[PDB]
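The chain below stands alone and is given in structure tokens; this is the form deposited in one PDB entry.
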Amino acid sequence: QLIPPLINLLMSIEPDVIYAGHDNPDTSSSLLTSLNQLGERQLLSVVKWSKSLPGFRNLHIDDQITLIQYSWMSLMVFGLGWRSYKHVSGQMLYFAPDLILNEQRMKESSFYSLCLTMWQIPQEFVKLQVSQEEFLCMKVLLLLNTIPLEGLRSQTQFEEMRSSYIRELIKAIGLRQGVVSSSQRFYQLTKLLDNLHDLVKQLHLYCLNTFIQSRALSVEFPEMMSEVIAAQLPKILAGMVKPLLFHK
């Protein structure tokens, strides 16, 4: 009625809750393994989600693959941010119902520092009071927020898709937001998206370091996650992609 049909569809295709399969006393290595196992399960969920996301299946299959490989980390941390905001008021990192971390569980300095970086998202969600409708449109824009330096095969269709979801984000903002306030809120949400490129860079570096050192660290990386990391992370970290920005 009052909620636009595409937003209602986005709510209906959200994945169901995903467990890490964590058994909970962790070591640094067991915790990292558990996080990678959860990552493997979420990656599957992302791909299934993509198959139902209006517009995405109409891009060339190579372009679909490329976009999933470029955005998976961003989608994972954005979803972590939503779940932390919804379930624990942004005050713990709710990776899964069986893997919720508070400060006590963040021993190693490097991992704590990474968690402080991830924590900026749920903090911003709390501050701006992001709604489920906003979040769902923002999440699609994230899937569509980086492309190859030479563009996609389906560039035209891609651009149309991105425009449609930007229009839908404006509808989402209009559900609660005035013409000026609604403009200012658009700015605020699209700047959050721009700022995620820098944030995810830290997560990409940490993951690739952990992956290269995995045998030494006694950390296991499952096959699907290992493939996305080997297929694109070094290239992404090297800057050999084109991040899309809403502001400059």
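Numbering starts at 1 and follows the sequence shown. Residues that one form lacks are left out of the comparison. Each form is matched to the other, and the largest set of C-alpha atoms that superpose within 1.5 Å is called the rigid core.
Form deposited in another entry: not shown, discussed below.
Superposing the rigid core between the shown form and the other one leaves a single residue from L99, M106, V130, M118 with a C-alpha shift of at least 2 Å: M106.
Shown in the overlay between the shown form and the other one, fitted on the rigid core, is a CA shift at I236 of 2 Å or greater. Note on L59 and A230: their C-alpha atoms are more widely spaced in that other deposited form, a change of at least 3 Å from this conformation. In that other deposited form, the Cα positions of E14 and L233 lie at least 3 Å farther from each other than in the form displayed. Legend: core-fitted overlay between the shown form and the other one; highlighted in sequence order are 106-110, 211-215, 225-239, the runs of at least 3 consecutive residues with CA shifts of 2 angstroms or more.
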